[PDB]
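Presented below, as structure tokens, is a lone chain in the form deposited in one PDB entry.
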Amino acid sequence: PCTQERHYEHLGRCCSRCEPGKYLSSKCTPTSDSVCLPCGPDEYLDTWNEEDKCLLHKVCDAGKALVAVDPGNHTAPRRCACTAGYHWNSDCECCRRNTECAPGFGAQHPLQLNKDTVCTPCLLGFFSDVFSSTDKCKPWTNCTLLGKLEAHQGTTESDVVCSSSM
């Protein structure tokens, strides 16, 4: 009796699996154990395996707006992400443009790489007057900094109006 973790059965024999970084070149015979060989250039296997051949790393195609965040090796897969302004969509298997936040709403920060924009309504004293996937709500102008007075108050969609009166 033996564990499925590092071993497998074949011809009424308990044989040893191949370590990550190696593939199963030939199965165990009645006279010898498994033969495991290193994965070739740009190939990997990430588990203890009985695998015929190694897996080729995915291409982080810049033409798909992808970039490697982790290169991978003979032991680990390559990790890609969509470049700024886009996020991975598993339906199209492609980098889709981020959702824009309407006026009165701002983009939540910190902005997460490879993830779509989360929109939040502007709080008291802040406004947003644009459609944007990156812009947060900006705070109202302080009229006093312009040497002026507050004539009319702002909304979540528009700024304060400043007046130079006497």
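Residue positions are given as counts along the sequence shown, with the first one as 1.
For the pair 4-12 and 157-165, the mean B factor over Cα atoms is greater in 4-12. For the two regions 113-121 and 60-68, the entry's Cα B-factors average higher over 113-121. Highest CA B-factor among 140, 105, 44, 48, as stated in the entry: 48.
In this structure the maximum Cα B-factor among 99, 134, 128, 26 is found at 26.
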